[PDB]
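K.L.:
Structure provided below as structure tokens; questions to follow.
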Amino acid sequence: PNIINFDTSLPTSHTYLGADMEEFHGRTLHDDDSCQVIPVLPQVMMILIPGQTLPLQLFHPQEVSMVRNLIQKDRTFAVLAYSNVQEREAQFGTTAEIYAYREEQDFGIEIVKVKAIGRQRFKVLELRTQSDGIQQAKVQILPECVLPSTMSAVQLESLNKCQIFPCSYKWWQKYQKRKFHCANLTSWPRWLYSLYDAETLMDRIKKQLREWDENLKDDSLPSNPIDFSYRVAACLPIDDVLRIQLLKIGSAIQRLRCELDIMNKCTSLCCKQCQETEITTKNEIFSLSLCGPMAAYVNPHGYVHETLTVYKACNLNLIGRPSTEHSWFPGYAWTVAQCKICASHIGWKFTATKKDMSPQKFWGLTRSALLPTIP
Amino acid sequence: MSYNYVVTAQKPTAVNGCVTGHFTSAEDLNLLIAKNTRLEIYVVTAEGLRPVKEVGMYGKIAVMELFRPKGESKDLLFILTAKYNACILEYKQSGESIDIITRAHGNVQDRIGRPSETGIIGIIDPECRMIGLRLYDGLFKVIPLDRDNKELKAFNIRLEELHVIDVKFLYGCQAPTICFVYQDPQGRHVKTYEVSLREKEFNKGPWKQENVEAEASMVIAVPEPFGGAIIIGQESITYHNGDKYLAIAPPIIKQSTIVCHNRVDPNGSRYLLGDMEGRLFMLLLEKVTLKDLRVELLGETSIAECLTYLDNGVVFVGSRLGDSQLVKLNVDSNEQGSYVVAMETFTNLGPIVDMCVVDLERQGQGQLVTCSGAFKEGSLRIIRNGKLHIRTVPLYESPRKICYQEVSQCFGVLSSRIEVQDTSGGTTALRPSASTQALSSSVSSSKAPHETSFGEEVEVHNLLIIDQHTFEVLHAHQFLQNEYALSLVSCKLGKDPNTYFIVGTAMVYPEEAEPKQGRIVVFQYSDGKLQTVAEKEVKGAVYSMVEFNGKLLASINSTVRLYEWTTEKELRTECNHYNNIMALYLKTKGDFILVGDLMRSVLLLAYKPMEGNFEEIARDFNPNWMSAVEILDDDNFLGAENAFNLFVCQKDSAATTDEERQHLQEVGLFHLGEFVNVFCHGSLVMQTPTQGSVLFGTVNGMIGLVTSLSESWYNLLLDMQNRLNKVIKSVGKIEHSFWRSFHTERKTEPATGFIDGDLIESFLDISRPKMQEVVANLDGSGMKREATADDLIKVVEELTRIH
Amino acid sequence: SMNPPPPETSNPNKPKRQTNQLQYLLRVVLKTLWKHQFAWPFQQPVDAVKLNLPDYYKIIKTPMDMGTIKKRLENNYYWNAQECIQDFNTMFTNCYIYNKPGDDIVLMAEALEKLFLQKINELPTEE
Ligand SMILES: COC(=O)C[C@@H]1N=C(c2ccc(Cl)cc2)c2c(sc(C(=O)NCCCCCCCCNC(=O)COc3cccc4c3C(=O)N([C@H]3CCC(=O)NC3=O)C4=O)c2C)-n2c(C)nnc21
Ligand SMILES: [Zn+2]
């Protein structure tokens with residue numbers, strides 16, 4: 001637990017990628033249901049969520065050429081959500097728009113470091129590997145299914161003037177009783193329609209997130225249910241199949257419902273290789289980054305890890321000596337952490353370099369190594 | 001691929017709006033009533049109302065206002081539909097032929113815009129200079145009322161006030177001026193804006209913005225000589241006319257929120273006000289300038305959806321929750337202290353929350369028992385075909401579910417009543433109802449922090465055993481505290497010859513968003529007393545229960561469970577199925593099970609008796625609000641979804657690919673125009689081109705019937721529909737395909753797999769030349785069989801004989 | 001699973017000196033390559049057991065890594081710059097021999113060799 005004085009804005013900056021990159025302010029969004037021909041990055045194996053910051057380091061000449069071509073055009077590439085990545089099977093995905101880039105000379109080879117952000121979900125229609133070896137994807141933009149209020153079709157016109165509204169539990173009781181009154185016209189009561197109300201689910205998830213982060217919901221958390229749902233999904237430490245099932249969801253209400261069901265059910269995080277070795281619990285999860293408790297970071301050899309920060313973790317051995325080289329969190333030294341039983345890499349133990357920092361130590365576990373578990 | 005036929009058996013009885021004016025003649029006083037898709041025109045006589053016209057439109061009437069511009073001899077009628085079809089109509093009668101001609105029409109929907117929370121608002125400027133529409137937030141649509149605007153062209157003006165609650169056109173203004181109540185982070189205020197047609201913009205209003213009540217909801221434009229505007233909230237009634245600011249806070253209106261009004265005197269001296277609890281108050285304006293405001297409780301009527309003053313103290317009260325009324329007001333109060341005397345009552349079946357089919361009287365002749373109304377307007381309705389004879393049994397509390405038990409010759413009905421918190425420690429009912437005036441009553445045994453509050457309403461749920469002959473409330477069993485009953489079934493289980501009443505419940509608490517505790521209670525009714533035979537505790541809400549081949553199929557949140565009835569008269573779990581969704585809707589046919597979610601998440605399972613579990617057959621996830629589901633046959637499933645639509649999904653048993661065998665193909669879409677609440681298998685005609693019979697009850701009291709057809713008959717009736725649409729003049733000139741098209745704000749597709757039975761039945765009313773036009777130049781035998789007018793008359797008569 | 005002992009770095013019988021070339025190779029070249037972000041695979045002998053590469057020391061007959069070169073420079077194991085340059089070249093050549101063109105480690109070794117050659121062209125004259 002304890003208190004924090006680290007400054008949560010530093011991990012989001014990805015300062016380990018060197019000096020200040022060239023930043024882009026323009027935004028390119030394609031119309032819904034429209035088809036686009038987007039290039040696919042060959043070495044990206046992550047299941048990207050819209051709004052999630054993705055850092056990359058590319059040194060292959062083909063990758064650097066493709067990145068230059070994208071920077072010269074719309075700065076958008078396709079990140080395939082692979083169901084079976086060994087055979088490179090992909091049915092869904094998410095676009096990523098490059099918002100920062102930096103090519104570095106005085107270097108052994110031409111290398112480019114990139115910060116992009118997920119934008120639009122999509123369904124993969126066609127995959128064609130070009131003669132260059134790089135592959136293109138003919139892609140259909142998936143639309144955000146926004147459904148109206150469940151009372152809109154069963155609303156009394158005389159009560160239309162009562163639908164605008166000016167101890168939180170009493171406030172929510174009054175909200176439920178006033179917004180879903182006309183539920184007495186249907187076969188279902190008010191408290192059932194509350195289970196499908198965007199704001200009620202958003203407030204329950206806000207409570208569950210207040211359990212994790214001390215940043216107030218006044219500013220950090222978005223108000224739109226779609227953006228809120230994507231922000232929550234970007235920081236949920238779940239396996240790849242559950243994340244794929246969550247990306248397939250098009251309606252924000254279903255997304256929030258599934259997210260709160262996950263937050264209620266899965267309470268332990270075990271080793272994926274062990275399945276029977278508890279590593280941490282939901283209670284030790286804490287947010288050290290503005291993007292939440294879990295964020296995507298890139299390492300010196302090009303691998304992207306979704307790191308979830310926790311205060312404590314058990315059943316882990318520490319390999320090697322601590323190092324500050326290319327550390328994802330400035331001011332902390334990492335130490336490789338393996339499972340006590342199967343020796344699989346679970347994450348790193350980050351220890352503060354200065355004695356005045358808090359927390360003095362924490363754990364960053366990679367999402368690909370964890371498995372959620374219900375007791 | 002679906003081939004279905006849907007037809008209306010009872011037109012909507014709920015009243016959503018009523019106006020008075022001079023529409024048929026300048027000397028006649030006309031009363032116009034809107035019943036969703038129906039428009040009724042009456043002439044106000046000394047005795048009462050003389051019916052002069054009834055028409056049907058291809059839309060849901062959202063705005064209905066009369067207005068008389070300069071030069072017109074009598075009033076015109078402006079009508080806007082739910083699909084944003086606006087029109088201006090005029091009454092025309094020559095001898096006996098009455099025709100509602102269309103003076104103007106057009107679609108006012110914008111390509112971009114979010115529909116407002118307060119819904120559609122339609123106002124007309126007093127001097128008939130323009131029509132104002134409030135459809136989307138931040139935009140005000142203006143339709144200039146010139147003589148050349150037959151297409152009803154309109155332009156939008158930007159609104160800095162994004163959350164407008166109510167708006168009215170003020171009287172006595174040189175320029176058309178609107179006065180509206182809006183809300184901002186500072187609170188609720190009232191503002192005014194002049195509408196410039198030359199600039200097509202807004203100009204500063206006559207008086208500055210005033211800070212009003214936090215619950216200011218209603219705006220009333222006072223006519224001359226008073227002028228100004230009255231703002232009505234939950235606690236205060238204010239009046240603003242430039243320098244004139246008059247606020248009153250009568251406590252008699254603090255009990256309930258006033259939701260409707262109507263002008264009595266043409267100069268605006270007296271007004272009628274109706275609250276949510278059915279109370280009718282009189283607002284008096286004392287006088288060049290306004291002297292004072294006064295509120296007098298006139299009495300109690302039905303829960304008023306709309307009020308209108310006719311003449312000679314006669315007032316029409318249009319109600320959707322209950323029967324409509326014609327009431328008489330008197331100068332002197334009676335013996336109980338109420339100036340209101342009920343003259344006449346008009347049946348209203350809305351809302352229909354549940355229903356069932358019973359052969360009460362003559363065997364073979366079916367009757368329909370429905371749970372209608374809500375609160376003190378709750379009742380049971382017994383409907384049979386003679387057009388339709390309806391018997392009413394008032395309950396004075398809200399009915400929710402119903403089922404029939406033949407062996408005991410009685411009905412089981414789930415009901416709920418509202419009670420206020422007691423001053424000491426408990427709850428007190430607001431009025432005597434069926435649950436409190438039963439010949440016998442009982443309560444449940446057993447198996448809450450921050451208790452009670454200050455006079456806050458609480459729902460008390462009861463099971464009512466009602467005799468099928470006399471309809472006396474034989475028994476009224478009350479459930480536990482904080483217990484909500486959801487499902488009800490009457491059936492025999494296992495080898496037990498007794499027929500039981502099974503009720504599924506849920507424990508609801510304010511701290512729990514989702515119920516984690518519930519009951520399945522098994523009662524037996526015999527010798528005029530209800531006893532609890534069995535009781536099972538489940539870890540969730542029992543949303544639905546179904547008799548499944550001598551077993552009990554229950555839906556406990558996300559789980560579908562099968563119970564067996566033991567010899568010790570206990571419920572034994574046989575098998576479970578854990579789903580990705582919460583099992584809201586449960587239906588069965590043989591060994592097939594249909595599971596449904598509020599967001600159109602459909603699942604089809606099959607019971608494997610040799611293995612003793614459930615096996616997934618198919619599913620379909622398309623997010624859209626639902627309301628009711630039913631199984632048409634082994635392969636077809638009917639449902640009602642968002643925006644008053646019906647749909648039919650189909651499976652392929654044999655099929656070709658196991659990946660395709662697990663998908664339910666959407667084979668039918670239709671725009672009904674009603675919000676269906678209940679589907680049930682049954683028919684009302686004495687026991688053919690049609691196969692099956694599924695009745696459905698809706699919110700506006702409309703009752704419908706759906707049946708299945710063959711491919712040849714479906715194609716023939718589709719061609720007939722196209723021809724009839726080509727020949728029939730629509731009121732407001734609304735396209736039939738546009739009205740029947742599956743309409744949501746996300747998508748709009750043409751209707752498929754459905755035959756509009758009302759359109760086909762309208763073929764018998766047109767003239768013989770129109771019949772020959774339709775049958776002009778028209779595949780069961782394998783080739784091409786010709787068709788004359790008499791053949792189609794016989795076909796349509798045979799199709800009408802099914803309802 | 002031989003994984004032999006690392007190459008020797010100290011020899012008391014071996015004479016030592018601080019040539020200008022070797023002090024440049026240590027203070028500039030090795031310090032530049034050691035802090036590079038692609039240096040880590042070469043900072044220690046190849047652990048053929050943990051990497052599951054039983055054929056590595058059957059193909060690579062002259063193992064070499066930057067940790068060995070660092071310890072040899074710090075212990076003054078070399079007599080002249082040619083030995084250290086040959087050790088670097090042996091490391092790079094071993095990396096290219098065992099792996100395949102286009103592999104990630106091959107590109108990393110190519111980058112390091114390019115930077116090494118660009119630093120070695122400024123080798124100072126002996127004092
Ligand atoms: C299949 O194999 C073959 O084909 C033959 C074979 N191949 C290879 C080879 C290489 C690269 C790739 Cl790609 C693939 C293959 C290979 C070798 S020898 C070799 C090796 O020596 N290994 C074991 C030694 C371990 C390193 C010693 C410690 C150095 C200190 N380390 C750093 O300081 C750098 O930092 C790193 C490094 C890695 C990962 C991370 C970081 C780091 O900081 N972080 C995070 C922490 C949190 C944060 O906040 N930020 C971050 O960035 C990381 O996650 C290898 C691997 N080899 C050779 C030579 N010839 N042939 C082959
Ligand atoms: Zn493990």
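Just remember, in the structure tokens the first chain shown is A, the second B, etc., residues are 1-based per chain, and ligands are 1-based in the order shown.
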Taking only C-alpha atoms and all ligand atoms into account, produce a table as CSV in which each residue of chain C with an atom at most 9 Å from an atom of ligand 1 appears once, together with its shortest atom pair and the distance in Å to one decimal, ordered by chain and rising number.
P.N.:
residue,atom,partner,partner_atom_place_in_ligand_line,distance
C:35,CA,ligand 1,33 (O),8.8
C:37,CA,ligand 1,34 (C),6.7
C:38,CA,ligand 1,34 (C),7.5
C:39,CA,ligand 1,34 (C),7.6
C:40,CA,ligand 1,29 (C),4.1
C:41,CA,ligand 1,21 (O),3.2
C:42,CA,ligand 1,21 (O),5.4
C:43,CA,ligand 1,27 (C),6.3
C:44,CA,ligand 1,21 (O),6.1
C:45,CA,ligand 1,21 (O),6.9
C:46,CA,ligand 1,18 (S),4.8
C:47,CA,ligand 1,23 (C),6.6
C:48,CA,ligand 1,5 (C),8.5
C:50,CA,ligand 1,23 (C),8.1
C:51,CA,ligand 1,2 (O),6.4
C:52,CA,ligand 1,2 (O),8.1
C:53,CA,ligand 1,5 (C),6.9
C:56,CA,ligand 1,5 (C),7.7
C:64,CA,ligand 1,59 (C),8.7
C:65,CA,ligand 1,59 (C),7.6
C:91,CA,ligand 1,59 (C),7.6
C:92,CA,ligand 1,59 (C),8.2
C:94,CA,ligand 1,60 (N),6.9
C:95,CA,ligand 1,60 (N),4.4
C:96,CA,ligand 1,60 (N),7.5
C:97,CA,ligand 1,60 (N),8.5
C:98,CA,ligand 1,61 (N),6.0
C:99,CA,ligand 1,4 (O),5.7
C:100,CA,ligand 1,4 (O),8.3
C:103,CA,ligand 1,14 (C),7.9
C:104,CA,ligand 1,13 (Cl),5.4
C:105,CA,ligand 1,11 (C),4.7
C:106,CA,ligand 1,60 (N),8.0
C:108,CA,ligand 1,11 (C),7.8
C:109,CA,ligand 1,59 (C),8.1
K.L.:
With N, CA, C and O atoms retained, export the selected residues as a CSV table (one decimal), in the first residue's frame.
P.N.:
chain,number,residue,atom,x,y,z
C,35,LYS,N,28.1,0.1,-23.5
C,35,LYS,CA,26.9,0.9,-23.1
C,35,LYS,C,25.8,0.9,-24.2
C,35,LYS,O,24.7,1.4,-23.9
C,37,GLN,N,22.8,-0.2,-26.6
C,37,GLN,CA,21.6,-0.9,-26.2
C,37,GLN,C,21.5,-2.3,-26.8
C,37,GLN,O,20.7,-3.1,-26.4
C,38,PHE,N,22.4,-2.6,-27.8
C,38,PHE,CA,22.5,-4.0,-28.3
C,38,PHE,C,23.7,-4.7,-27.8
C,38,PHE,O,24.0,-5.8,-28.3
C,39,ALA,N,24.3,-4.2,-26.7
C,39,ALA,CA,25.5,-4.9,-26.2
C,39,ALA,C,25.2,-6.1,-25.4
C,39,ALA,O,26.1,-7.0,-25.3
C,40,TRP,N,24.0,-6.2,-24.8
C,40,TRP,CA,23.8,-7.3,-23.8
C,40,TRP,C,24.1,-8.7,-24.2
C,40,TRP,O,24.6,-9.5,-23.4
C,41,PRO,N,23.8,-9.1,-25.5
C,41,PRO,CA,24.0,-10.5,-25.8
C,41,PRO,C,25.5,-10.9,-25.8
C,41,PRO,O,25.9,-12.1,-25.8
C,42,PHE,N,26.4,-9.9,-25.9
C,42,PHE,CA,27.8,-10.1,-26.1
C,42,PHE,C,28.6,-9.8,-24.8
C,42,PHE,O,29.8,-10.0,-24.8
C,43,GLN,N,27.9,-9.4,-23.7
C,43,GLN,CA,28.6,-9.0,-22.5
C,43,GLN,C,29.1,-10.2,-21.7
C,43,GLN,O,29.7,-10.0,-20.6
C,44,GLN,N,28.9,-11.4,-22.1
C,44,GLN,CA,29.2,-12.6,-21.4
C,44,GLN,C,29.3,-13.8,-22.4
C,44,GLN,O,28.7,-13.7,-23.5
C,45,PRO,N,30.0,-14.9,-22.0
C,45,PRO,CA,30.1,-16.0,-22.9
C,45,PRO,C,28.7,-16.6,-23.1
C,45,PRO,O,27.8,-16.4,-22.3
C,46,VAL,N,28.5,-17.2,-24.3
C,46,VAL,CA,27.3,-17.8,-24.7
C,46,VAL,C,27.0,-19.0,-23.8
C,46,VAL,O,27.8,-19.9,-23.7
C,47,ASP,N,25.9,-19.0,-23.1
C,47,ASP,CA,25.5,-20.1,-22.2
C,47,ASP,C,24.8,-21.1,-23.1
C,47,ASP,O,23.5,-21.0,-23.2
C,48,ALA,N,25.5,-22.0,-23.6
C,48,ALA,CA,24.9,-23.0,-24.5
C,48,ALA,C,23.9,-23.9,-23.8
C,48,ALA,O,23.1,-24.6,-24.5
C,50,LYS,N,21.6,-23.0,-21.2
C,50,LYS,CA,20.4,-22.3,-21.0
C,50,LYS,C,19.7,-21.9,-22.3
C,50,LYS,O,18.5,-21.9,-22.4
C,51,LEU,N,20.5,-21.6,-23.3
C,51,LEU,CA,19.9,-21.3,-24.7
C,51,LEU,C,19.6,-22.5,-25.5
C,51,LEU,O,19.0,-22.4,-26.6
C,52,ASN,N,19.9,-23.7,-25.0
C,52,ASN,CA,19.6,-25.0,-25.7
C,52,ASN,C,20.2,-25.0,-27.1
C,52,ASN,O,19.5,-25.1,-28.1
C,53,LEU,N,21.5,-24.8,-27.1
C,53,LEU,CA,22.3,-24.7,-28.4
C,53,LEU,C,23.4,-25.7,-28.3
C,53,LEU,O,24.6,-25.3,-28.3
C,56,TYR,N,26.4,-25.2,-30.8
C,56,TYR,CA,27.1,-23.9,-30.9
C,56,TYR,C,28.6,-24.1,-30.8
C,56,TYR,O,29.3,-23.6,-31.7
C,64,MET,N,34.2,-16.1,-28.3
C,64,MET,CA,34.6,-14.8,-27.8
C,64,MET,C,33.4,-13.9,-27.5
C,64,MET,O,32.4,-14.1,-28.2
C,65,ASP,N,33.6,-13.1,-26.5
C,65,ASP,CA,32.5,-12.2,-26.1
C,65,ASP,C,33.2,-10.9,-25.6
C,65,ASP,O,34.4,-10.8,-25.3
C,91,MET,N,34.5,-12.6,-32.5
C,91,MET,CA,33.2,-12.5,-31.9
C,91,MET,C,32.1,-12.3,-33.0
C,91,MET,O,31.2,-13.0,-33.1
C,92,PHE,N,32.4,-11.3,-33.8
C,92,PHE,CA,31.4,-10.9,-34.9
C,92,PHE,C,31.3,-12.1,-35.9
C,92,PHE,O,30.2,-12.5,-36.3
C,94,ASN,N,31.9,-15.3,-35.4
C,94,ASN,CA,31.2,-16.4,-34.8
C,94,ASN,C,29.7,-16.2,-34.8
C,94,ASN,O,28.9,-17.1,-35.2
C,95,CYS,N,29.3,-14.9,-34.5
C,95,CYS,CA,27.9,-14.6,-34.5
C,95,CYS,C,27.3,-14.8,-35.9
C,95,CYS,O,26.2,-15.4,-36.1
C,96,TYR,N,28.0,-14.4,-36.9
C,96,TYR,CA,27.5,-14.5,-38.3
C,96,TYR,C,27.5,-16.0,-38.7
C,96,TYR,O,26.6,-16.4,-39.5
C,97,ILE,N,28.5,-16.8,-38.3
C,97,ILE,CA,28.6,-18.2,-38.7
C,97,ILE,C,27.4,-19.0,-38.1
C,97,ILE,O,26.8,-19.7,-38.8
C,98,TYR,N,27.2,-18.8,-36.8
C,98,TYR,CA,26.2,-19.7,-36.2
C,98,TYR,C,24.8,-19.4,-36.7
C,98,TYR,O,24.0,-20.3,-36.9
C,99,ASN,N,24.5,-18.1,-36.8
C,99,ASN,CA,23.1,-17.7,-37.1
C,99,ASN,C,22.9,-17.6,-38.6
C,99,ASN,O,23.8,-17.8,-39.4
C,100,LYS,N,21.8,-17.1,-39.1
C,100,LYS,CA,21.3,-17.0,-40.4
C,100,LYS,C,21.2,-15.5,-40.8
C,100,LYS,O,20.9,-14.7,-40.0
C,103,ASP,N,18.5,-12.5,-39.4
C,103,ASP,CA,18.1,-12.7,-38.0
C,103,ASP,C,18.4,-11.5,-37.1
C,103,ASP,O,19.2,-10.7,-37.5
C,104,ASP,N,17.6,-11.4,-36.1
C,104,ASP,CA,17.7,-10.2,-35.2
C,104,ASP,C,19.1,-10.0,-34.6
C,104,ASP,O,19.7,-9.0,-34.7
C,105,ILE,N,19.7,-11.1,-34.1
C,105,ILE,CA,21.0,-11.1,-33.6
C,105,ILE,C,22.0,-10.8,-34.6
C,105,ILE,O,23.1,-10.1,-34.4
C,106,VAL,N,21.8,-11.2,-35.9
C,106,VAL,CA,22.7,-10.9,-37.0
C,106,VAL,C,22.7,-9.4,-37.3
C,106,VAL,O,23.8,-8.8,-37.5
C,108,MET,N,21.9,-7.1,-35.1
C,108,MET,CA,22.5,-6.4,-34.0
C,108,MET,C,24.1,-6.5,-34.1
C,108,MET,O,24.8,-5.5,-33.8
C,109,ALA,N,24.6,-7.7,-34.4
C,109,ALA,CA,26.0,-7.8,-34.6
C,109,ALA,C,26.5,-7.0,-35.7
C,109,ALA,O,27.6,-6.4,-35.6
K.L.:
Show me which residues line ligand 2, defined as having an atom within 8 Å of a ligand atom where only C-alpha atoms and all ligand atoms count, and present them as a PyMOL selection string.
P.N.:
chain A and resi 270-277+338-344+346
K.L.:
Would you output that residue set with N, CA and C atoms, as a PDB file, in the first residue's frame?
P.N.:
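Printed below is result-v1.pdb as written:
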ATOM      1  N   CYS A 270      -2.335 -16.095 -11.508  1.00  0.00           N
ATOM      2  CA  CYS A 270      -1.393 -17.198 -11.418  1.00  0.00           C
ATOM      3  C   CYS A 270      -0.450 -17.181 -12.620  1.00  0.00           C
ATOM      4  N   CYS A 271       0.539 -18.069 -12.580  1.00  0.00           N
ATOM      5  CA  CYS A 271       1.439 -18.258 -13.708  1.00  0.00           C
ATOM      6  C   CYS A 271       0.716 -18.983 -14.836  1.00  0.00           C
ATOM      7  N   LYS A 272       0.874 -18.481 -16.064  1.00  0.00           N
ATOM      8  CA  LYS A 272       0.210 -19.104 -17.204  1.00  0.00           C
ATOM      9  C   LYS A 272       0.755 -20.503 -17.464  1.00  0.00           C
ATOM     10  N   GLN A 273       2.070 -20.680 -17.335  1.00  0.00           N
ATOM     11  CA  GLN A 273       2.670 -21.989 -17.560  1.00  0.00           C
ATOM     12  C   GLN A 273       2.345 -22.955 -16.427  1.00  0.00           C
ATOM     13  N   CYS A 274       2.239 -22.447 -15.199  1.00  0.00           N
ATOM     14  CA  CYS A 274       1.964 -23.304 -14.053  1.00  0.00           C
ATOM     15  C   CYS A 274       0.476 -23.586 -13.898  1.00  0.00           C
ATOM     16  N   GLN A 275      -0.359 -22.561 -14.093  1.00  0.00           N
ATOM     17  CA  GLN A 275      -1.807 -22.612 -13.892  1.00  0.00           C
ATOM     18  C   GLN A 275      -2.181 -22.793 -12.423  1.00  0.00           C
ATOM     19  N   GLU A 276      -1.290 -23.383 -11.630  1.00  0.00           N
ATOM     20  CA  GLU A 276      -1.554 -23.695 -10.231  1.00  0.00           C
ATOM     21  C   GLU A 276      -0.513 -23.062  -9.317  1.00  0.00           C
ATOM     22  N   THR A 277      -0.070 -21.851  -9.652  1.00  0.00           N
ATOM     23  CA  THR A 277       0.911 -21.131  -8.839  1.00  0.00           C
ATOM     24  C   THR A 277       0.471 -19.672  -8.762  1.00  0.00           C
ATOM     25  N   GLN A 338      11.197 -14.746 -12.086  1.00  0.00           N
ATOM     26  CA  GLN A 338      10.760 -16.018 -12.641  1.00  0.00           C
ATOM     27  C   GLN A 338       9.839 -16.725 -11.659  1.00  0.00           C
ATOM     28  N   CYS A 339       9.051 -17.663 -12.178  1.00  0.00           N
ATOM     29  CA  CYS A 339       8.206 -18.473 -11.315  1.00  0.00           C
ATOM     30  C   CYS A 339       9.055 -19.413 -10.472  1.00  0.00           C
ATOM     31  N   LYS A 340       8.644 -19.605  -9.218  1.00  0.00           N
ATOM     32  CA  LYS A 340       9.376 -20.503  -8.334  1.00  0.00           C
ATOM     33  C   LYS A 340       9.261 -21.962  -8.754  1.00  0.00           C
ATOM     34  N   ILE A 341       8.251 -22.319  -9.540  1.00  0.00           N
ATOM     35  CA  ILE A 341       7.979 -23.716  -9.867  1.00  0.00           C
ATOM     36  C   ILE A 341       8.416 -24.063 -11.285  1.00  0.00           C
ATOM     37  N   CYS A 342       7.969 -23.297 -12.279  1.00  0.00           N
ATOM     38  CA  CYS A 342       8.294 -23.588 -13.670  1.00  0.00           C
ATOM     39  C   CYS A 342       9.387 -22.688 -14.230  1.00  0.00           C
ATOM     40  N   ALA A 343       9.866 -21.724 -13.448  1.00  0.00           N
ATOM     41  CA  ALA A 343      10.942 -20.804 -13.807  1.00  0.00           C
ATOM     42  C   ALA A 343      10.581 -19.868 -14.956  1.00  0.00           C
ATOM     43  N   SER A 344       9.325 -19.852 -15.397  1.00  0.00           N
ATOM     44  CA  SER A 344       8.927 -18.965 -16.483  1.00  0.00           C
ATOM     45  C   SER A 344       9.016 -17.507 -16.048  1.00  0.00           C
ATOM     46  N   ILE A 346       7.936 -14.026 -15.316  1.00  0.00           N
ATOM     47  CA  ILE A 346       6.662 -13.417 -14.965  1.00  0.00           C
ATOM     48  C   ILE A 346       6.721 -11.899 -15.071  1.00  0.00           C
TER      49      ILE A 346
END
K.L.:
Quick one: pull the distance between CA of residue 41 (chain A) and CA of residue 252 (chain A), Å, one decimal.
P.N.:
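Distance between the two atoms: 28.1 Å.
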K.L.:
With a distance cut-off of 6 Å and only C-alpha atoms, select the neighbouring residues of residue 75 (chain A), excluding the residue or stretch itself and same-chain residues fewer than 3 positions from it, and output the selection as a list in words.
P.N.:
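Surrounding residues, per the criterion: residues 70, 71, 97 and 98 of chain A.
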K.L.:
Excluding region 110-121 of chain C and any residue of its chain fewer than 2 positions from it, enumerate the residues within 6 Å of it, using only C-alpha atoms, and give them as a ChimeraX atom specification.
P.N.:
/A:108-109 /C:107-108,123
K.L.:
Report, in Å with one decimal, the straight-line distance from CA of residue 430 (chain B) to CA of residue 383 (chain B).
P.N.:
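One can read the CA of residue 430 (chain B) to CA of residue 383 (chain B) distance as 29.7 Å.
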K.L.:
Which residues come within 7 Å of residue 163 (chain A), counting only C-alpha atoms, excluding same-chain residues fewer than 6 positions away, as a PyMOL selection string?
P.N.:
(chain A and resi 179) or (chain B and resi 117-118)
K.L.:
Between A:69, A:95, A:307, A:267, single out the one closest to residue 234 (chain A), counting only C-alpha atoms.
P.N.:
A:307
K.L.:
Would you kindly return, as an MDAnalysis selection string, each protein, DNA or RNA residue with an atom no farther than 12 Å from any atom of residue 22 (chain C), considering only C-alpha atoms and excluding same-chain residues fewer than 3 positions away?
P.N.:
chainID C and resid 16:19 25:30 69:70 72:85 120 123:127
K.L.:
Could you find all residues in region 610-674 of chain B that DSSP calls strand (DSSP E) from the backbone, and write them as number ranges by chain?
P.N.:
B: 613-621, 626-631, 636-641, 645-650, 665-671
